[PDB]
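Quick mapping for you: the protein sequence lines, in order, are chains NB, SI, SN, LC, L3, ST, SV and SK. The first sequence lines up with residues 414 to 429, 433 to 443, 493 to 509 when you count with the deposited numbering. For the second sequence, the deposited numbering assigns the number 1006 to the last residue and increments by one with no breaks. For the third sequence, the deposited numbering assigns the number 257 to the last residue and increments by one with no breaks. For the fourth sequence, the deposited numbering assigns the number 127 to the last residue and increments by one with no breaks. The fifth sequence lines up with residues 2 to 6, 13 to 86, 100 to 117 when you count with the deposited numbering. For the sixth sequence, the deposited numbering assigns the number 760 to the last residue and increments by one with no breaks. For the seventh sequence, the deposited numbering assigns the number 202 to the last residue and increments by one with no breaks. The eighth sequence lines up with residues 52 to 55, 64 to 152 when you count with the deposited numbering.
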Amino acid sequence: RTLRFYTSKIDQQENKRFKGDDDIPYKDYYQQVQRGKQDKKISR
Amino acid sequence: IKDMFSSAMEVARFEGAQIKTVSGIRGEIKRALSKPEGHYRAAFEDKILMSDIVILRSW
Amino acid sequence: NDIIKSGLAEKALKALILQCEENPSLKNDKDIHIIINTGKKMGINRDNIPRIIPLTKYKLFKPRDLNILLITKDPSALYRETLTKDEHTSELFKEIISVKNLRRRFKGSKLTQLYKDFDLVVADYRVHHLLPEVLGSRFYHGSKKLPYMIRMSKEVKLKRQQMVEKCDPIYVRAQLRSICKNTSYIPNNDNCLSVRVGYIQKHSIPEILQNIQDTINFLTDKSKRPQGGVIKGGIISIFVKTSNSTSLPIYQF
Amino acid sequence: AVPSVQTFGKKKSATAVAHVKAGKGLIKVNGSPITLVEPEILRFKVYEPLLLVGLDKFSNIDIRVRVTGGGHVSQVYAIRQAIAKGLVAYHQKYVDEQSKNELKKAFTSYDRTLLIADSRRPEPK
Amino acid sequence: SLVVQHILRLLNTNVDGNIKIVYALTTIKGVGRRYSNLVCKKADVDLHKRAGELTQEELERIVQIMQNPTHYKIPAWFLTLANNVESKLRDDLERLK
Amino acid sequence: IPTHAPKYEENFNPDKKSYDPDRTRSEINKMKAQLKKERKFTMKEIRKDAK
Amino acid sequence: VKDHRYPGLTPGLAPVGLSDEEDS
Amino acid sequence: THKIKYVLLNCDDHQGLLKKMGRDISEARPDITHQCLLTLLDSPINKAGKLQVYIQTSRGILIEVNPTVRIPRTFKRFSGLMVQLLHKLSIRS
RNA sequence: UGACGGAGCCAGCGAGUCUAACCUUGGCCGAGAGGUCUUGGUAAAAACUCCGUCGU
């Protein structure tokens, strides 16, 4: 947006990969129903 | 066959065991089946039916 | 309308709904069925043909909500083309497939995947008797995904004459709306019968009760035969349950 | 009775039965015109006899060919062999023998498989 | 002499301009070829455009179509034991001896 | 031309087992393999004993 | 509506109503 | 490579082992092969993408070297890579 | 020398009244045994030719 931002990118681009001799990096109702059915079966 | 054995390791013990159906058809336990556990292959002197029941006489 | 008035139905439904949240085992249960004990044997052999029960007050579903599969007569080129192009039926179906193609492409485990993907199955009435062999056992036990017969066009047949093969998109759309919005049942030769009446988290308890009376009214009214009026001799009792929950009584004679 | 001859062509399991009778140049294969034989890439293979001897000879006869067994290629070879054998047989039976000789000479000059069955019988070595 | 007539960020996804709008929107996760076709149809954007050719309002319409699908009547079909086994087997082995 | 570095495990041993990022995933693979090796041996001994 | 081939059609056919035909 | 862990056989590090193997220790020097790889890959021509390096081991194993690679400078680390390469048949970025 | 969909079409072996799942949710009848139904989950000719779409 502001003109200052584009300066930062332009300068950043100039500054902007191994090079030279760099080495690689080191390293309850329901319950009521239920009893009702069970009670009937045992009663029979 | 199924329901005779609960795991293939049991079938390993009884491989080659003599078995027969109710109909009188003699057979042999050949090998244990990998899937499902406990199923095995058996060869009978004649074709068996589904209604038949296989029996292993053990003591 | 007595069953709606009785508080037993309301109190049972509240308990059934309350359980579904509390119990982990019922978490995947979403539909509410009613189990009907007809006094005498129906005498109708189970033909696996759904029969639709019109629910006037409320609508169970809409065509847009569900994954719909259509099985058509061979060749499917005519039916697939007309349905896809027309605006009304363009998006109405998950997929369109022919019977022969369905048999060839899907076998064994592929049938199980087909059952999971689709929520509703509909088919041309001509091919319905073939489907039990093709779809397999999984579709045709339990009644969750039984194919529904639909008529592609309003043309009728006369003896010694040949059917003209046409596709009416509005009529096909019209029938499918009736299937999804209304509930359905399948006759069997015994006392017992199961009908879906509501969906958990979608229908309030008073709505579910109204559907129950509509189902009972249609099934008991002799004037609605042969589609309705199949429960002759009254109802000994009515229960309410989900797929895996226990039957909670809601009406006893 | 209408003059008629019958011949067989065989390639692997593919077998073709050709009936050649006096007619008006109606060539059919499995109840369809010869032009509809498939695969299209090999269609000219089936045309090979018709073009070698000229369509004029066929203009006076009807050929009906029924093919069963084998795959596409074997069926094509069965059809062509059946057509050639049937044409030569008809020219033998109900036309002069000189034309028979000319037809045999042309076919054997082009491809003898049109007349003799190609049987790749095994040879142990 | 005077005649007057590449990437887009949609829905937290970068879509190339050159690609067709329908298959461009397929790249968005959860968006299929059929779903892309339908969202293009409802947005009244010609499917035969390229993603670069789309105007801002049309892109906005696609966005509201995605984020509010039920509002725009889109159908829903778019929207330890091993150790126990080891120990049991070891018991079987010891017992076999 | 772009430049990259090789990826390697210092003191590599092929007989040794490939290092796994997750310990649970590695441990179960150890336990599963012991089951297959142990299961195959037990079946072999039982079959010989039965014979 | 009846089809002689397939008696199952007459039962279990979708009822169609004016509200159902009307567009949404 | 050979077991002691596997190690790239070296002329000076492993004299006792190589005598047992029977091959003469004079021809057991990967440092030359490392050395040539180093100078070639850092040459401007490789930086210009006009150079590709192939290596034929004495045993007959043929290695392809992608021009992009950046071999570690110290000879010790380089030996670490070769054993993996000869055993894993490929090295990844 | 792809994937998706559709269309066309071609074999030969094989015929014992014999050929083939499992686990659940509940209604009813039955002294019992069991019978019948209801219900969710798990498991279980091709090549080839042509046409259309995407695209490496």
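Ideal placement from N, C-alpha and C gives every residue a C-beta, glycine not left out.
Alpha carbon to alpha carbon, what distance is there between residue j and residue i?
{"i": "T42 (chain SN)", "j": "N195 (chain SN)", "result": "5 Å"}
{"i": "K967 (chain SI)", "j": "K741 (chain ST)", "result": "38 Å"}
{"i": "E99 (chain LC)", "j": "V131 (chain SN)", "result": "60 Å"}
{"i": "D504 (chain NB)", "j": "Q497 (chain NB)", "result": "10 Å"}
{"i": "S80 (chain SN)", "j": "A119 (chain LC)", "result": "44 Å"}
{"i": "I100 (chain SN)", "j": "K59 (chain LC)", "result": "52 Å"}
{"i": "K95 (chain LC)", "j": "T37 (chain LC)", "result": "27 Å"}
{"i": "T100 (chain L3)", "j": "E962 (chain SI)", "result": "32 Å"}
{"i": "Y65 (chain SK)", "j": "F721 (chain ST)", "result": "7 Å"}
{"i": "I209 (chain SN)", "j": "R68 (chain SN)", "result": "24 Å"}
{"i": "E200 (chain SV)", "j": "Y494 (chain NB)", "result": "45 Å"}
{"i": "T246 (chain SN)", "j": "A990 (chain SI)", "result": "47 Å"}
{"i": "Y42 (chain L3)", "j": "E67 (chain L3)", "result": "17 Å"}
{"i": "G47 (chain SN)", "j": "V234 (chain SN)", "result": "9 Å"}
{"i": "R734 (chain ST)", "j": "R433 (chain NB)", "result": "34 Å"}
{"i": "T751 (chain ST)", "j": "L113 (chain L3)", "result": "7 Å"}
{"i": "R55 (chain SN)", "j": "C24 (chain SN)", "result": "29 Å"}
{"i": "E211 (chain SN)", "j": "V126 (chain SN)", "result": "26 Å"}
{"i": "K158 (chain SN)", "j": "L12 (chain SN)", "result": "45 Å"}
When you compare the CB of residue i with every CB in chain NB, is at least one pair closer than 8 Å?
{"i": "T733 (chain ST)", "result": "no"}
{"i": "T712 (chain ST)", "result": "yes"}
{"i": "residue 21 (chain SK)", "result": "What the structure shows of chain SK is the stretch from 52 to 152, and residue 21 (chain SK) is not part of that stretch, so it cannot be assessed."}
{"i": "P126 (chain SK)", "result": "no"}
{"i": "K34 (chain SN)", "result": "no"}
{"i": "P131 (chain SK)", "result": "yes"}
{"i": "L74 (chain SN)", "result": "no"}
At least one CB of chain SV closer than 8 Å to the CB of residue i: is that the case?
{"i": "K170 (chain SN)", "result": "no"}
{"i": "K236 (chain SN)", "result": "no"}
Taking 8 Å as the CB-CB cut-off, is residue i touching chain ST?
{"i": "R151 (chain SK)", "result": "yes"}
{"i": "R988 (chain SI)", "result": "no"}
{"i": "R1004 (chain SI)", "result": "no"}
{"i": "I440 (chain NB)", "result": "yes"}
{"i": "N104 (chain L3)", "result": "no"}
{"i": "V112 (chain SK)", "result": "no"}
Go through its chain and collect everything with a Cβ distance to residue i's Cβ below 7 Å, but skip five positions before and after it.
{"i": "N32 (chain LC)", "result": "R68, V69"}
{"i": "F65 (chain SN)", "result": "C184, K185"}
{"i": "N21 (chain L3)", "result": "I14"}
Specify, as a first and last residue, the run of the beta strand (DSSP E) that residue i falls within.
{"i": "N41 (chain SN)", "result": "35-42"}
{"i": "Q115 (chain SK)", "result": "112-115"}
{"i": "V48 (chain LC)", "result": "Not the beta strand (DSSP E): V48 (chain LC) falls in the alpha helix (DSSP H), residues 45-55."}
In its own chain, which residues sit with a C-beta less than 6 Å from the C-beta of residue i, not counting the 5 before and 5 after it?
{"i": "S61 (chain LC)", "result": "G27"}
{"i": "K106 (chain SK)", "result": "none"}
{"i": "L54 (chain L3)", "result": "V29, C47"}
Hey, is residue i's beta-carbon within less than 8 Å of any beta-carbon in chain SN?
{"i": "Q503 (chain NB)", "result": "no"}
{"i": "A83 (chain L3)", "result": "yes"}
Considering only heavy atoms of the ligand ZN, does any lie closer than 7 Å to the CB of residue i?
{"i": "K106 (chain LC)", "result": "This structure lacks the ligand ZN; in fact it carries no ligand of any kind."}
Does residue i come within less than 8 Å of chain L3 when only Cβ atoms are used?
{"i": "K741 (chain ST)", "result": "yes"}
{"i": "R748 (chain ST)", "result": "yes"}
Span of the alpha helix (DSSP H) holding residue i?
{"i": "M997 (chain SI)", "result": "It is not in any alpha helix (DSSP H) - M997 (chain SI) carries neither H nor E in the DSSP assignment."}
{"i": "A178 (chain SN)", "result": "173-185"}
{"i": "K14 (chain LC)", "result": "Premise fails: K14 (chain LC) is in no alpha helix (DSSP H) and is neither H nor E."}
{"i": "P136 (chain SN)", "result": "135-139"}
Check whether the Cβ of residue i lies closer than 8 Å to any Cβ atom in chain SK.
{"i": "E754 (chain ST)", "result": "no"}
{"i": "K716 (chain ST)", "result": "yes"}
{"i": "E719 (chain ST)", "result": "yes"}
Which residues in the same chain have their Cβ closer than 8 Å to the Cβ of residue i, if we skip the five residues on either side of it in sequence?
{"i": "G59 (chain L3)", "result": "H13, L15, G24, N25"}
{"i": "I104 (chain SK)", "result": "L110"}
{"i": "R136 (chain SK)", "result": "none"}
{"i": "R132 (chain SK)", "result": "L97"}
**Request:** Please go through the region 202-246 of chain SN and give each complete alpha helix (DSSP H) segment of 4 or more residues, from N-terminal end onward.
**Result:** Taking only runs of at least 4 residues, the alpha helix (DSSP H) segments lying wholly in the region 202-246 of chain SN are 209-224.
**Request:** Could you tell me which uninterrupted alpha helix (DSSP H) segments, each at least 4 residues in length, are contained entirely in the region 5-87 of chain SN, listed from first to last along the chain?
**Result:** Within the region 5-87 of chain SN, the complete alpha helix (DSSP H) runs of at least 4 residues fall at 6-9, 11-26.
**Request:** Could I get the ranges of all uninterrupted beta strand (DSSP E) runs contained in the region 81-114 of chain LC, with 3 residues as the minimum, in chain order?
**Result:** The beta strand (DSSP E) runs of length 3 or more contained entirely in the region 81-114 of chain LC do not exist; there are none.
**Message:** Could you tell me which whole alpha helix (DSSP H) segments of length 4 or greater appear in the region 955-993 of chain SI?
**Reply:** 955-961, all fully within the region 955-993 of chain SI.
**Request:** Could you name each continuous alpha helix (DSSP H) segment of 4 residues or more that falls completely within the region 25-58 of chain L3, going from the start of the chain to the end?
**Result:** Complete alpha helix (DSSP H) runs here, min 4: 28-33, 40-49.
**Item:** Continuous alpha helix (DSSP H) assignments of at least 4 residues falling wholly in the region 98-176 of chain SN
**Value:** 103-109, 113-121, 135-139, all fully within the region 98-176 of chain SN.
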